[PDB]
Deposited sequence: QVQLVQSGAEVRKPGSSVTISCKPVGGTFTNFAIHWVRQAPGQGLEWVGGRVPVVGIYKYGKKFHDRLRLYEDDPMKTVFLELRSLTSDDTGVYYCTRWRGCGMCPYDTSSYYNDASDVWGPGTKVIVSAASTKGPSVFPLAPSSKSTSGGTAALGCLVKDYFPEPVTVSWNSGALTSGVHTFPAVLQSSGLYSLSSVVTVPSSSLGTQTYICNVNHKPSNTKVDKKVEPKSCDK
C-alpha cells in the first residue's frame, strides 16, 4: 500500500547544501503532510519540518528555519528537502514520513497535517565531510591470564570497512567497534580480540581489512612488543 521511496546517500562539503528526494508509492499526493525526521549518530529523533504537497501548508523546525526549504514537483509526484549551510551537526539519517490515513482517499479533497507517522521511508544518509575517497591505514594494537590485541583502522572514507581475523577463522572474543567520524572528516574504527596471555608468544594474529570503495584488501600481523 502507501509506501515512501527515498534517494540514495549524499556527501557534501561543509558550508554547502544538499537536496533529498522522497517519492510516495500508492495512495494520494495532496491529502497528507510529509514530515521529515532526522537522526544524528547516537542521538534522538529530531523533527525537521512538514509540508502538505501542492496545498502549501508547511512548518519548519525552529532550528532549521532560515536554512530549510521544502518543495515538491507535481508532475513527478516527488517531494524534496533542501538544507543549506551544512555543518557537522547535520550529519545523520533523514526520513520522510507520513500518516496512512484513508490511504487511497476517494474524492476527499481534504488536508491533514497533525498526525502520527506510521509510514517511513528507508532513510537517506547525509555525510557532511570535506573528504574524498581514501583507503584506510592499519595500525596494530600491541599488548587475569587474558590479554587484548587489535587493529586500528584509521583515516578512510567512506563507510564501510570489513574486519576479520585469520581469514575469519578466529571469531571468539572479537569486537569490531562502530566507526567514528573524526574532526578531519575521515572515519576510524578498531577491532579487538581477547586471548589467553600464554598464546602471545605462540599464536599468530592477523587482521584482514576490506574497504571496497577503495578496493583495499590488507593483512596486518599483530605482534607483541
| query | finding |
| --- | --- |
| Gaps in the model (deposited sequence, numbered from 1) | 144-149, 232-235 |
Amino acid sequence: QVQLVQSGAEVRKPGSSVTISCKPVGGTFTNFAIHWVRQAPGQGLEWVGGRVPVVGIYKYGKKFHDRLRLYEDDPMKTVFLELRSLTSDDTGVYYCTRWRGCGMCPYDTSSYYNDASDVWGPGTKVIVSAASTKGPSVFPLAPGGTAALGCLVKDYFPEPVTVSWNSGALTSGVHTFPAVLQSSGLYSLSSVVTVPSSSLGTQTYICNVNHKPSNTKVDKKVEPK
From here on, numbers count along this sequence of modelled residues.
property	result
Entry-level comparison of average CA B-factors, 46-54 and 174-182, reporting the higher stretch	46-54
Comparing 13-21 with 202-210, the one whose average Cα B-factor in the PDB entry is higher	13-21
Candidate set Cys96, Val126, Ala116, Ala130 [ranked by C-alpha B-factor, highest]	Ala130
Out of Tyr156, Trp36, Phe64, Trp165, residue topping the C-alpha B-factor column of the entry	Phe64
Entry-reported Cα temperature factor of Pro143, expressed as the chain third it lands in	highest
Third of chain Cα B-factors occupied by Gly26	highest
Modelled-residue ranking by C-alpha temperature factor, third containing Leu152	lowest
Ranked C-alpha temperature factor of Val195 among modelled chain residues, by third	middle
B-factor third for the C-alpha atom of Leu70 within its chain	highest
